[PDB]
Each structure stands twice: as structure tokens, then as C-alpha cells.
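Peer 1: Structure in C-alpha cells, see below.
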Amino acid sequence: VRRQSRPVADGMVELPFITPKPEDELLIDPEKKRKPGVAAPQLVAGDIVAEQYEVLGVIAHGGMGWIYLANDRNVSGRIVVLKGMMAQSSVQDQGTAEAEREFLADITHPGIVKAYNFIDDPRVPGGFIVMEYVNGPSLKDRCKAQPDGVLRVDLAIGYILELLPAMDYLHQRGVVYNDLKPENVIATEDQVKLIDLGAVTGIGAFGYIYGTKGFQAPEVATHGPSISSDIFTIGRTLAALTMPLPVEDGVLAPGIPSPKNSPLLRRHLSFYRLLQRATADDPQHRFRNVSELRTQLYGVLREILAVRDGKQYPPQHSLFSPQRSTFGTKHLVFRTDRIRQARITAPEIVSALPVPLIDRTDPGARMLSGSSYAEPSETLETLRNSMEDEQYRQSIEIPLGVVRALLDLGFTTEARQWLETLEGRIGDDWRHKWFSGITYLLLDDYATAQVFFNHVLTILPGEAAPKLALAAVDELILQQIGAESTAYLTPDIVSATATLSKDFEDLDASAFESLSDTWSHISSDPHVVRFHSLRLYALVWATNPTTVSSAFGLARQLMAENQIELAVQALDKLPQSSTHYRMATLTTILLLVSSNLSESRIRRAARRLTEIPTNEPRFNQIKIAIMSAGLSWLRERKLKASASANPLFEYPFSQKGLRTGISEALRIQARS
Ligand SMILES: [Mg+2]
Ligand SMILES: [Mg+2]
């Protein structure tokens with residue numbers, strides 16, 4: 001059943017159909033490019049092994065030696081692989097040694113190669129594992145088939161997602177794969193298969209673990225294999241598929257490269273964050289299981305496709321609710337009201353930010369269903385009498401439900417103290433870090449909130465909520481120091497950062513001197529705070545068109561960098577179908593006359609206002625703001641009038657004409 005390319009990851013990626021090689025083109029010539037030191041094959045076509053396998057030839061040479069292909073004489077037409085198999089300790093109990101091999105044979109999953117036998121031929125010392133022949137190229141071959149030696153990042157994530165069910169099948173049975181790397185992942189027809197069955201061991205197994213240096217976790221040699229060490233190899237494999245990693249004597253250098261030295265990671269920083277967490281040095285700081293990694297891969301893939309292709313998908317696997325409100329959308333427009341500085345507030349940001357979804361596995365989950373609609377004073381009491389029950393001693397939803405009730409009652413200081421009490425037991429949980437960031441944000445301790453929200457983003461690199469929270473906290477830091485009009489970045493960096501395009505890749509590493517090697521979000525340097533707020537708003541806006549708070553936030557950061565043209569372009573993408581469209585149109589008009597005045601910007605602002613119906617209540621006050629800009633620009637330039645005799649609105653664009661026009665408009669305003 002030969003087919004077409006197949007959709008994976010909710011249709012966000014299509015994996016190609018790989019046609020299997022004809023069965024008369026599978027064997028390799030052993031004499032073609034004979035490497036140094038490798039001996040000739042001991043077996044040749046026609047040799048019978050264990051009176052059941054008729055050798056046909058060799059298909060590869062690897063660490064375990066030559067890999068033979070053979071007919072299985074007990075299943076008509078079946079071809080099998082004979083591969084060198086690792087011996088055991090030769091001292092363990094005999095039953096235990098047989099039981100481990102009988103467990104490899106019983107493993108049954110369509111994403112894992114089947115093992116048929118374990119034999120020892122006297123012409124080949126070391127014994128064979130007999131396994132299914134998988135007709136297809138390895139993921140390593142697919143990379144070498146590309147001119148730059150790497151797979152496109154979204155395709156590589158699709159392949160990783162396809163092998164995760166096989167990894168989880170092993171993990172749930174108490175065994176780990178150990179040797180995941182591109183060369184033992186084969187893409188055949190429409191499926192992805194793991195082939196290195198002989199490396200599978202139990203979780204925490206004594207003995208030499210046959211991993212690969214450059215992919216194996218650092219604690220395996222001393223502490224043994226674990227589910228966390230398999231997660232590590234998944235991150236290393238994903239890194240190897242997507243970028244040319246530095247190699248030291250045939251071994252991949254440890255660590256994930258800095259985004260200062262990687263165009264791919266520079267363009268997709270959440271992909272960088274995900275690789276960091278999967279390959280963290282401390283196993284405690286890694287994804288706990290495959291499903292945990294799977295959830296963030298979907299969010300990171302969404303941000304990859306939005307940044308690169310402009311494709312927007314709805315969030316389907318988020319750990320957060322959607323946005324609950326908006327913030328800062330009326331910020332710039334309300335300042336022109338007549339009726340003393342309006343500012344974006346912390347409670348306004350918190351009311352807009354999402355809340356974590358309730359975990360259904362928590363025992364106290366039933367106690368919290370209905371906490372949003374109920375009176376917070378009652379919820380606090382009901383959740384407190386629940387903590388008097390031993391069955392809820394280990395609950396996390398109930399104690400954090402108390403925190404929310406305290407924050408909903410305005411008892412912010414008691415909420416901070418109660419979070420401190422829970423630090424010892426549940427401080428590691430990202431939901432504790434999230435509400436710690438919320439609480440300190442409400443206390444106006446923006447530096448501490450930045451630390452907690454960065455911790456959340458580190459744990460959940462694919463989620464939009466911590467990025468918007470970080471972007472808002474960074475904007476509040478800049479607002480605290482009065483930097484909403486100060487520029488800190490060069491026009492080249494701002495232009496590249498605001499669009500998240502290839503220009504962000506063309507910049508040299510010297511442009512990011514103020515950033516740490518890992519582009520850490522924790523900083524009080526206004527240069528770094530402005531860079532992160534600008535970039536995070538841009539990413540959220542490009543990824544989620546409904547999160548309009550990021551569109552206005554992006555325009556605000558662009559305005560401070562004197563990039564009015566890009567700020568206008570950002571808000572012009574808000575569709576006419578949105579209820580915030582009128583606000584966005586008025587905001588772009590005011591952006592044109594907010595700073596760095598020029599005749600072109602003033603005239604464009606006026607012509608845009610003229611497209612707005614006179615029905616708009618703020619029409620006249622916007623018109624005054626534009627005419628006031630024209631007069632201010634004429635006086636700063638020492639110009640009597642503009643070169644053109646074309647009027648500004650109905651008045652001459654002159655110092656005398658606009659003074660009259662402003663006075664006339666002010667009197668229409670004063671009588672209203
Ligand atoms: Mg056949
Ligand atoms: Mg291996």
C-alpha cells in the first residue's frame with residue numbers, strides 16, 4: 001500500500017512516505033571502501049546459522065561488527081537481521097539471564113523492531129540477536145541526504161513525536177531504550193521504528209550501559225539508567241537532527257549551543273529552552289516522562305510554524321486556561337481624555353493572564369470545581385476544612401486553591417506567607433512558582449516576579465502564558481524607571497527582533513553582548529529587559545492573534561525604540577472582526593504623532609483619522625493631538641509652513657493656520 005505524505009502533530013507537520021528499497025538492492029559490497037582495521041565478514045551467502053537462518057550477505061558494519069541479512073527458514077519469505085549482541089555478566093543467576101532475553105523477545109509494539117532469537121555461531125564469537133529487517137533509511141541517512149546535513153526543525157519534531165509512543169511503551173513496562181540516536185531510528189513507508197533492541201535494559205540496572213558518548217546522560221555511568229536518562233537522549237537526538245553540533249574526535253560536544261552561535265536557536269528560542277530542559281545536567285531538572293515532553297513539543301512546534309511560515313493554530317494542549325481579559329489596550333488612547341498619569345497596573349495584568357488548568361489526578365480536584373463562581377471567603381473556608389483531612393495531606397490543588405482565594409480577597413501578604421509555608425513540600429511544582437510570580441507581581445516586587453515567571457517558562461517552554469507574564473513584568477520594570485520613551489537598542493536589532501525574521505539570524509553575536517550565553521531573562525539591565533519584553537510580545541502576537549494584549553505591548557516597546565513604522569504595522573494586523581479593532585485604529589493614529597515627528601507621519605495620521613466616522617467620541621481630541629503635533633513639529637524645525645499647500649484637515653499646515661485650527665477645535669471640545 002504505497003501512499004502519500006501523512007499528517008502528524010494535529011496536522012501541523014507532514015511526514016514523507018519513504019519507498020522501501022527493492023529487496024535485490026539491500027546488500028552492500030564488503031570490499032567497497034574497506035575501512036582501516038575492519039576484517040572481512042566471517043559468513044557469506046549460503047552459510048546456515050543455527051540451522052535456521054540462511055545468510056545472504058551484509059547490509060552494514062557497525063560497533064558490534066558486520067550486520068548480516070538472512071532468510072528465516074521457518075517463515076517462508078521472511079528476511080531477518082543477524083546483529084552482534086552484548087554478552088551479560090557471566091556471573092549472574094542463570095534464570096535471571098534467560099529471563100532478561102525472553103523479555104526482549106516478548107516486547108510487542110509497532111514502533112519497535114521485533115526480536116526473534118538469540119543464537120551463538122562458532123564462526124562469529126560474541127553471539128547474535130536475530131531481529132526483524134526494517135527496510136528504510138535511518139534518520140542519520142535522511143540528514144546526510146540534505147545539503148546542510150540537518151533536517152528541517154518541524155520535520156525533526158514530527159519524527160520525535162512519532163517515536164514517543166514506543167519510548168513510553170518501554171517506560172511503562174519498567175525498561176528503557178538507552179541508546180536513542182539518529183542511526184537506530186528508521187523511517188520506513190509511513191512509520192517510524194526503533195531498531196536497537198539489544199540495548200534495552202531495566203530501569204536502574206547494574207552493568208555497563210551500552211549508550212553512546214555524546215548522547216548518554218552524565219549520571220548513567222554511576223547511577224544506572226532511568227526514564228530521565230532516556231529523556232536526555234531524546235533531547236540530544238533532537239539536537240543532532242536539527243543543527244551541526246560541534247564534534248570532538250567523533251564525539252558530540254556536551255551541552256546545547258548558545259543562541260549567539262546558532263541561527264536556528266536564535267530564531268526559535270522556545271526550541272532552545274526545550275532542548276535545555278530535556279538535556280539538563282541534573283535529572284531533577286528534566287522532563288519527568290515522555291508525555292510531559294510531548295505537551296511542550298506541541299507548543300514549541302506552534303511557535304516554530306508561526307515564526308517561520310506565519311501559520312497560526314489554536315492551542316490544543318496548553319496547561320493554562322485561555323486569556324481571561326485584556327490589559328493595556330486603552331492605555332495610549334485614554335491619555336487624550338480631557339476631564340495625573342495613566343499607567344499599566346499589576347492587578348490589570350493579573351486579571352488578564354490565564355490560570356493553570358486543574359489537575360484531574362489530584363485528590364482534591366473535586367473540591368475546586370466551582371471555586372471561580374463561588375464567593376472567595378466561602379471558598380477559603382471550605383478549602384481550609386478540607387486540609388483537616390488526612391486524605392488531602394499531599395494535595396497540591398487544595399493548598400494553591402487557598403492561595404487564589406487569598407489573592408481574590410486582596411490578602412496578598414497572607415498569600416505570600418502561605419506560599420512560603422508550602423515551599424518545602426511543593427516548591428518545585430511549576431504551579432507554586434506561577435502563583436509566587438502572581439503574588440509578588442501584585443506586591444509590585446517586579447524583580448522577584450521576573451524570577452518566578454522565568455522558572456515557569458524554563459519548565460514549560462511551549463506555553464504562551466509565562467511569556468506574556470514575563471513580557472508584562474519587563475514592561476512594568478521599564479515603566480517603574482520611566483523608560484517608555486527611552487531607546488536602548490540599535491534600529492537593526494529592533495527591526496530584526498520585532499519581525500522574528502531571517503534578519504534576526506543575520507546579526508552577529510556581538511549584537512547580543514549584554515545577554516548571557518543562554519539569553520537569561522533574569523536581569524535588571526534596561527537593555528536586556530527591553531530586548532526581552534520586545535521579543536516576547538512579538539512571539540506571543542505572531543503565535544496567538546487573539547492575545548491582543550501582546551499586540552499593544554509590542555507597539556509600546558517599538559514606540560520606545562522610535563520604530564513607529566513597525567509599531568503601526570504590528571497593530572494593523574489586528575483584524576476588523578475583533579472588538580478591539582476601533583481601539584487599534586485610534587492607537588495607530590496616536591502612535592504616528594507620539595514621538596519623532598515628521599510631516600509624513602503627521603499627514604498620515606490626519607488622513608487615517610479622516611477615515612474614521614465623526615461618530616467616534618474621541619474624534620475631536622485625536623484631531624487636536626494631531627494638529628498640536630504639526631504645530632510642535634513646525635516650531636521645532638523653525639518652519640513657517642510645510643512645503644505643500646495641501647491643508648492639514650481643513651486648515652493650512654502653517655504655524656498661523658494650525659494655531660487657528662487648534663483654537664477652533666478646543667472651543668468645540670470645551671462646549672461639549
Ligand atoms: Mg519476503
Ligand atoms: Mg547501539
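Letters A, B, ... mark the chains of the C-alpha cells in the order given; residue numbers begin at 1 per chain; ligand numbers begin at 1, in order shown.
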Quick one: everything within 8 Å of residue 116 (chain A), counting only C-alpha atoms, minus sequence neighbours fewer than 6 positions away in the same chain. Send it as a CSV table (one decimal) with N, CA, C and O atoms, in the first residue's frame.
Peer 2:
chain,number,residue,atom,x,y,z
A,105,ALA,N,12.4,-10.6,23.7
A,105,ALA,CA,11.6,-11.3,22.7
A,105,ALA,C,10.1,-11.0,22.8
A,105,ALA,O,9.4,-10.9,21.7
A,129,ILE,N,21.9,-11.4,18.0
A,129,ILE,CA,20.5,-11.2,18.2
A,129,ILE,C,19.9,-11.2,16.8
A,129,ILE,O,20.4,-10.6,15.9
A,130,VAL,N,18.8,-12.0,16.6
A,130,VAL,CA,18.1,-12.1,15.4
A,130,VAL,C,16.9,-11.2,15.4
A,130,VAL,O,16.0,-11.4,16.4
A,131,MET,N,16.7,-10.3,14.5
A,131,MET,CA,15.6,-9.4,14.6
A,131,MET,C,15.0,-9.1,13.2
A,131,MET,O,15.6,-9.4,12.2
A,132,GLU,N,13.8,-8.5,13.2
A,132,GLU,CA,13.2,-8.1,12.0
A,132,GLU,C,14.0,-7.1,11.2
A,132,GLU,O,14.7,-6.3,11.7
Peer 1: Would you mind writing down, as a PyMOL selection string, each residue of region 150-288 of chain A that DSSP on the backbone assigns to alpha helix (DSSP H)?
Peer 2: chain A and resi 153-172+220-223+227-242+263-267+269-278
Peer 1: Considering only C-alpha atoms and all ligand atoms, tabulate each residue of chain A that lies at most 9 Å from ligand 1 along with its nearest interatomic pair and the corresponding distance in Å to one decimal; arrange the rows by chain and ascending residue number and present them as a tab-separated table.
Peer 2:
residue	atom	partner	partner_atom_place_in_ligand_line	distance
A:23	CA	ligand 1	1 (Mg)	8.0
A:71	CA	ligand 1	1 (Mg)	8.5
A:76	CA	ligand 1	1 (Mg)	7.5
A:77	CA	ligand 1	1 (Mg)	3.8
A:78	CA	ligand 1	1 (Mg)	4.8
A:79	CA	ligand 1	1 (Mg)	6.1
Peer 1: Go ahead and save the residues from that selection, with N, CA, C and O atoms, as a PDB file, in the first residue's frame.
Peer 2:
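Written output follows (result-v7.pdb):
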ATOM      1  N   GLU A  23      14.163  -5.411  -2.806  1.00  0.00           N
ATOM      2  CA  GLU A  23      14.846  -6.410  -1.993  1.00  0.00           C
ATOM      3  C   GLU A  23      16.086  -6.992  -2.661  1.00  0.00           C
ATOM      4  O   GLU A  23      16.827  -7.730  -2.004  1.00  0.00           O
ATOM      5  N   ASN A  71      17.720 -15.287   5.219  1.00  0.00           N
ATOM      6  CA  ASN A  71      16.385 -15.866   5.135  1.00  0.00           C
ATOM      7  C   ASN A  71      16.091 -16.634   6.415  1.00  0.00           C
ATOM      8  O   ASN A  71      16.938 -17.391   6.900  1.00  0.00           O
ATOM      9  N   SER A  76       8.347 -18.748   5.576  1.00  0.00           N
ATOM     10  CA  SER A  76       8.599 -18.608   4.149  1.00  0.00           C
ATOM     11  C   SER A  76       8.587 -17.141   3.737  1.00  0.00           C
ATOM     12  O   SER A  76       7.621 -16.418   3.997  1.00  0.00           O
ATOM     13  N   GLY A  77       9.668 -16.707   3.085  1.00  0.00           N
ATOM     14  CA  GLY A  77       9.773 -15.366   2.548  1.00  0.00           C
ATOM     15  C   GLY A  77      10.268 -14.305   3.511  1.00  0.00           C
ATOM     16  O   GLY A  77      10.509 -13.169   3.081  1.00  0.00           O
ATOM     17  N   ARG A  78      10.451 -14.635   4.787  1.00  0.00           N
ATOM     18  CA  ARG A  78      10.895 -13.653   5.767  1.00  0.00           C
ATOM     19  C   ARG A  78      12.412 -13.512   5.734  1.00  0.00           C
ATOM     20  O   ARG A  78      13.137 -14.510   5.781  1.00  0.00           O
ATOM     21  N   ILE A  79      12.891 -12.273   5.645  1.00  0.00           N
ATOM     22  CA  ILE A  79      14.307 -11.959   5.794  1.00  0.00           C
ATOM     23  C   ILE A  79      14.513 -11.322   7.160  1.00  0.00           C
ATOM     24  O   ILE A  79      13.684 -10.522   7.614  1.00  0.00           O
TER      25      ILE A  79
END
Peer 1: What do you get as a list in words if you pick all residues at most 7 Å from ligand 2, counting only C-alpha atoms and all ligand atoms?
Peer 2: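 Those within range of ligand 2 are residues 179, 196, 199, 210 and 211 of chain A.
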Peer 1: Go ahead and dump the residues you just picked, N, CA and C atoms, as a PDB file, in the first residue's frame.
Peer 2:
ATOM      1  N   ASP A 179      19.945   3.805  24.094  1.00  0.00           N
ATOM      2  CA  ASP A 179      20.856   4.187  23.017  1.00  0.00           C
ATOM      3  C   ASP A 179      20.151   4.942  21.892  1.00  0.00           C
ATOM      4  N   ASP A 196      17.367  -0.579  17.825  1.00  0.00           N
ATOM      5  CA  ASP A 196      18.441  -1.002  18.728  1.00  0.00           C
ATOM      6  C   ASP A 196      17.864  -1.699  19.963  1.00  0.00           C
ATOM      7  N   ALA A 199      19.978  -2.969  23.222  1.00  0.00           N
ATOM      8  CA  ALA A 199      20.430  -2.032  24.243  1.00  0.00           C
ATOM      9  C   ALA A 199      19.418  -1.831  25.364  1.00  0.00           C
ATOM     10  N   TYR A 210      25.209   0.217  27.473  1.00  0.00           N
ATOM     11  CA  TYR A 210      25.714   0.438  26.116  1.00  0.00           C
ATOM     12  C   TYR A 210      25.064   1.651  25.440  1.00  0.00           C
ATOM     13  N   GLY A 211      25.269   2.811  26.055  1.00  0.00           N
ATOM     14  CA  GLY A 211      24.892   4.077  25.466  1.00  0.00           C
ATOM     15  C   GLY A 211      25.955   4.549  24.490  1.00  0.00           C
TER      16      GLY A 211
END
Peer 1: Identify, with DSSP run on backbone atoms, the residues in region 126-277 of chain A assigned to strand (DSSP E), and express the list as a ChimeraX atom specification.
Peer 2: /A:126-132,175-176,185-188,191-194,201-202,247-248,251-252
Peer 1: Atoms to include: C-alpha atoms. Write the selected residues as a PDB file, in the first residue's frame.
Peer 2:
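What ended up in out-v9.pdb:
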ATOM      1  CA  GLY A 126      30.059 -12.977  20.609  1.00  0.00           C
ATOM      2  CA  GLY A 127      26.647 -14.310  19.584  1.00  0.00           C
ATOM      3  CA  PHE A 128      23.840 -12.763  17.552  1.00  0.00           C
ATOM      4  CA  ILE A 129      20.477 -11.211  18.190  1.00  0.00           C
ATOM      5  CA  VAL A 130      18.105 -12.121  15.352  1.00  0.00           C
ATOM      6  CA  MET A 131      15.622  -9.363  14.585  1.00  0.00           C
ATOM      7  CA  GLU A 132      13.158  -8.095  12.002  1.00  0.00           C
ATOM      8  CA  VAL A 175      12.534  -0.707  30.814  1.00  0.00           C
ATOM      9  CA  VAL A 176      14.484   1.997  28.982  1.00  0.00           C
ATOM     10  CA  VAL A 185      15.702   5.323  14.132  1.00  0.00           C
ATOM     11  CA  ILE A 186      14.474   4.097  10.736  1.00  0.00           C
ATOM     12  CA  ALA A 187      11.784   5.813   8.666  1.00  0.00           C
ATOM     13  CA  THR A 188      10.009   3.177   6.560  1.00  0.00           C
ATOM     14  CA  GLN A 191       6.004   4.536  10.215  1.00  0.00           C
ATOM     15  CA  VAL A 192       8.992   5.316  12.451  1.00  0.00           C
ATOM     16  CA  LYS A 193      10.780   2.361  14.059  1.00  0.00           C
ATOM     17  CA  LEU A 194      13.357   1.861  16.803  1.00  0.00           C
ATOM     18  CA  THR A 201      17.647  -2.714  29.956  1.00  0.00           C
ATOM     19  CA  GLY A 202      15.538  -2.392  33.069  1.00  0.00           C
ATOM     20  CA  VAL A 247      32.221  17.239  17.368  1.00  0.00           C
ATOM     21  CA  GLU A 248      35.392  16.407  19.321  1.00  0.00           C
ATOM     22  CA  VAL A 251      32.043  12.548  19.895  1.00  0.00           C
ATOM     23  CA  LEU A 252      29.378  15.251  20.069  1.00  0.00           C
TER      24      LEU A 252
END
Peer 1: May I have the residues within 10 Å of region 650-666 of chain A as a PDB file with C-alpha atoms, in the first residue's frame, using only C-alpha atoms and disregarding those fewer than 4 positions away in the same chain?
Peer 2:
ATOM      1  CA  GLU A 599       5.434  65.891   8.122  1.00  0.00           C
ATOM      2  CA  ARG A 603      -0.180  63.915   7.468  1.00  0.00           C
ATOM      3  CA  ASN A 620     -12.115  65.717  18.082  1.00  0.00           C
ATOM      4  CA  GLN A 621      -9.491  65.121  20.782  1.00  0.00           C
ATOM      5  CA  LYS A 623      -7.682  65.712  15.804  1.00  0.00           C
ATOM      6  CA  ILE A 624      -6.353  68.239  18.330  1.00  0.00           C
ATOM      7  CA  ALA A 625      -3.480  65.900  19.214  1.00  0.00           C
ATOM      8  CA  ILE A 626      -2.530  65.692  15.525  1.00  0.00           C
ATOM      9  CA  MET A 627      -2.752  69.442  14.898  1.00  0.00           C
ATOM     10  CA  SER A 628      -0.768  70.027  18.091  1.00  0.00           C
ATOM     11  CA  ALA A 629       1.893  67.685  16.713  1.00  0.00           C
ATOM     12  CA  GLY A 630       2.005  69.627  13.449  1.00  0.00           C
ATOM     13  CA  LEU A 631       2.460  72.945  15.248  1.00  0.00           C
ATOM     14  CA  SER A 632       5.073  71.445  17.584  1.00  0.00           C
ATOM     15  CA  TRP A 633       6.933  69.988  14.592  1.00  0.00           C
ATOM     16  CA  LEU A 634       6.846  73.300  12.705  1.00  0.00           C
ATOM     17  CA  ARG A 635       8.211  75.152  15.737  1.00  0.00           C
ATOM     18  CA  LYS A 638      11.707  76.549  12.670  1.00  0.00           C
ATOM     19  CA  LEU A 639       9.363  76.256   9.683  1.00  0.00           C
ATOM     20  CA  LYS A 640       6.665  78.799   8.871  1.00  0.00           C
ATOM     21  CA  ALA A 641       4.699  76.150   6.965  1.00  0.00           C
ATOM     22  CA  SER A 642       5.155  72.865   5.190  1.00  0.00           C
ATOM     23  CA  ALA A 643       6.346  72.896   1.587  1.00  0.00           C
ATOM     24  CA  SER A 644       2.950  71.733   0.328  1.00  0.00           C
ATOM     25  CA  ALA A 645      -0.094  73.985   0.236  1.00  0.00           C
ATOM     26  CA  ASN A 646      -2.242  70.929   0.964  1.00  0.00           C
ATOM     27  CA  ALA A 670     -14.992  72.919  25.608  1.00  0.00           C
ATOM     28  CA  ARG A 671     -18.655  73.348  24.629  1.00  0.00           C
ATOM     29  CA  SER A 672     -19.179  69.557  24.594  1.00  0.00           C
TER      30      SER A 672
END
Peer 1: Quick one: everything within 8 Å of residue 140 (chain A), counting only C-alpha atoms, minus sequence neighbours fewer than 3 positions away in the same chain. Send it as an MDAnalysis selection string.
Peer 2: chainID A and resid 137 143:144 182:183 241
Peer 1: Write a file of the just-selected residues containing N, CA and C atoms, as a PDB file, in the first residue's frame.
Peer 2:
ATOM      1  N   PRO A 137      15.750   4.054   5.310  1.00  0.00           N
ATOM      2  CA  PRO A 137      16.915   4.801   5.784  1.00  0.00           C
ATOM      3  C   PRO A 137      16.764   5.205   7.241  1.00  0.00           C
ATOM      4  N   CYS A 143      19.404  12.937   7.212  1.00  0.00           N
ATOM      5  CA  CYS A 143      20.129  14.187   7.411  1.00  0.00           C
ATOM      6  C   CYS A 143      21.240  14.339   6.381  1.00  0.00           C
ATOM      7  N   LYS A 144      22.027  13.277   6.173  1.00  0.00           N
ATOM      8  CA  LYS A 144      23.094  13.326   5.180  1.00  0.00           C
ATOM      9  C   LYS A 144      22.557  13.527   3.771  1.00  0.00           C
ATOM     10  N   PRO A 182      20.090   9.132  16.022  1.00  0.00           N
ATOM     11  CA  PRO A 182      19.526   9.082  14.660  1.00  0.00           C
ATOM     12  C   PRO A 182      19.775   7.783  13.909  1.00  0.00           C
ATOM     13  N   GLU A 183      20.898   7.109  14.150  1.00  0.00           N
ATOM     14  CA  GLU A 183      21.257   5.969  13.318  1.00  0.00           C
ATOM     15  C   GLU A 183      20.501   4.692  13.670  1.00  0.00           C
ATOM     16  N   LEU A 241      19.549  16.179  15.049  1.00  0.00           N
ATOM     17  CA  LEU A 241      18.818  16.169  13.787  1.00  0.00           C
ATOM     18  C   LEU A 241      18.700  17.554  13.165  1.00  0.00           C
TER      19      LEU A 241
END
Peer 1: Contacts between region 290-297 of chain A and region 442-509 of chain A, please, where a residue of region 442-509 of chain A counts if it comes within 10 Å (with only C-alpha atoms); show its shortest atom pair and distance in Å to one decimal, rows by chain and ascending number, as JSON lines.
Peer 2:
{"residue": "A:459", "atom": "CA", "partner": "A:296", "partner_atom": "CA", "distance": 9.2}
{"residue": "A:460", "atom": "CA", "partner": "A:296", "partner_atom": "CA", "distance": 6.4}
{"residue": "A:461", "atom": "CA", "partner": "A:296", "partner_atom": "CA", "distance": 6.4}
{"residue": "A:462", "atom": "CA", "partner": "A:296", "partner_atom": "CA", "distance": 4.7}
{"residue": "A:463", "atom": "CA", "partner": "A:296", "partner_atom": "CA", "distance": 7.2}
Peer 1: Which one is closest to residue 107 (chain A): A:125, A:410, A:198, A:255? Count only C-alpha atoms.
Peer 2: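 Of A:125, A:410, A:198, A:255, the one nearest residue 107 (chain A) is A:198, counting only C-alpha atoms.
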Peer 1: Applying 12 Å and only C-alpha atoms, which residues near residue 174 (chain A) remain after dropping the ones on its own chain fewer than 5 positions away? List them as a list in words.
Peer 2: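 Once the nearby chain positions are removed, what remains is residues 103, 107, 167, 168, 169, 200, 201, 202, 203, 204, 205, 225, 226 and 227 of chain A.
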Peer 1: Print the selection's residues with C-alpha atoms to a file, as a PDB file, in the first residue's frame.
Peer 2:
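Written output follows (out_16.pdb):
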ATOM      1  CA  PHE A 103      11.753 -10.176  27.884  1.00  0.00           C
ATOM      2  CA  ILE A 107       8.344  -6.769  23.572  1.00  0.00           C
ATOM      3  CA  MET A 167       9.539   5.096  24.229  1.00  0.00           C
ATOM      4  CA  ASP A 168       6.562   5.320  26.594  1.00  0.00           C
ATOM      5  CA  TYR A 169       5.618   1.676  25.974  1.00  0.00           C
ATOM      6  CA  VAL A 200      17.158  -2.152  26.216  1.00  0.00           C
ATOM      7  CA  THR A 201      17.647  -2.714  29.956  1.00  0.00           C
ATOM      8  CA  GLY A 202      15.538  -2.392  33.069  1.00  0.00           C
ATOM      9  CA  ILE A 203      15.198   0.865  34.973  1.00  0.00           C
ATOM     10  CA  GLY A 204      18.184   1.078  37.305  1.00  0.00           C
ATOM     11  CA  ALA A 205      20.068  -1.956  36.043  1.00  0.00           C
ATOM     12  CA  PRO A 225      19.631   4.080  33.567  1.00  0.00           C
ATOM     13  CA  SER A 226      16.296   5.741  34.229  1.00  0.00           C
ATOM     14  CA  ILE A 227      13.298   7.229  32.465  1.00  0.00           C
TER      15      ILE A 227
END
Peer 1: I'd like the contact shell of region 64-70 of chain A - 10 Å cut-off, only C-alpha atoms, skipping same-chain residues fewer than 2 positions apart - returned as a VMD selection string.
Peer 2: chain A and resid 26 to 27 30 38 to 49 52 to 62 72 to 73 78 to 86 124 126 128 130 to 133
